[PDB]
């Protein structure tokens, strides 16, 4: 993988020129697209901008995110050739900072469960996850130093983990979802994919200009609360192996680690996530479902058909539960600075399974809204396994600092 922060530093000291950096990404992409298939379209003509902290940085944009110079096909045939008039605010955040939009990455149809043609860079016979398949795989395959994705269920943390890349789903609503094809407005959150926690920090810094993302440094003696989300069900061995390797590393590095069971309210919030997600999806995708029902990819079309009956009453009850969930989740952070849990059920499933991977270990957090960061830990049978770092809502900066601490801890 390519380091965003690395590029910046090298470019800043004349050691490396933006054009060279961009030419390198163009090369890398071409070097493996025939294998990875992470891009829906690659703008071979894209070039480095003249100024800005992100000048010379190539970025992939999940194809449910509006671009004015390239089509945004939503990973659906319904939007084949569709050309938005403007760039989504998040794309402009990157351009204004000097980034180069090198292409649109593959996304599942409307960012749901329907598998794309993208393959995991580590093992072609396995899925790159979903729905930001392209973005994760592209960064994982060392094609680009950064990529934008989105998470409603677990399409940022999971695929990053599956592809061994660092990634962050900032606190809910920090990054605007304007010009981002909506699945569930109460959940949809923009995310970033990079090589390490530091790269994600530099990315957010350039995009937002928020000082908390400036000069972030690895945390010291973090207070970690380990939650295994028993309510989400049985986890796969490889996933537990990584979590334990992470815990052991964090301890040697000086962290204080203690296991903790999340409150009943949180378990409940985890349960009703589908209700909130699916009820809104019917409203958010009303047009598609009503006028092009059959044109909707099979897996998405099925979950919608099965949930057309959800009522506003049970939807409201789900949101009450969600709120209690957030209320009591905050309490937990009175003792620890961050929570550590699984980033996925296990190693990325083989493409033959036609499964994009269960989001059960990701969904709760998208609903709670807290910033989540995936930390690559190890590989089993060649496929990556990571762990998820979660901080108090609005404390993205600390989540990244701790994730960073964790990265250094694992490197011994």
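Residue numbers count along the first chain shown, from 1.
Undergrad: State which stretch shows the higher mean Cα B factor in the entry: 265-273 or 280-288.
TA: Result: 265-273.
Undergrad: Quick check on the record: does 157-165 or 211-219 carry the larger mean Cα temperature factor?
TA: Stretch with the higher mean C-alpha B-factor: 211-219.
Undergrad: Select one of 116, 189, 105, 244: the residue whose C-alpha shows the highest B-factor in the crystal structure entry.
TA: Largest recorded C-alpha B-factor: 116.
Undergrad: What's the residue among 345, 349, 386, 52 with the greatest CA temperature factor in the PDB record?
TA: Checking the PDB record, the top C-alpha B-factor among 345, 349, 386, 52 is at 349.
Undergrad: Going by the CA temperature factor in the PDB record, which third of the chain does residue 179 belong to: lowest, middle or highest?
TA: Lowest third - that is where residue 179 ends up once the chain's C-alpha B-factors are sorted.
Undergrad: Please say which third, lowest, middle or highest, residue 356 falls into when its CA temperature factor is compared across its chain.
TA: Ranked within chain, residue 356 CA B lands in the highest tercile.
Undergrad: What third of the chain does residue 76 rank in for C-alpha temperature factor, lowest, middle or highest?
TA: Middle third by C-alpha B-factor.
Undergrad: Among the modelled residues of its chain, does the C-alpha B-factor of residue 98 lie in the lowest, middle or highest third?
TA: Its C-alpha B-factor, which the entry lists for residue 98, ranks in the lowest third among residues of this chain.
Undergrad: Could you place residue 199 in the lowest, middle or highest third of its chain by Cα temperature factor, using the values in the record?
TA: For residue 199, whose C-alpha B-factor we compare with every modelled residue in the chain, the answer is the lowest third.
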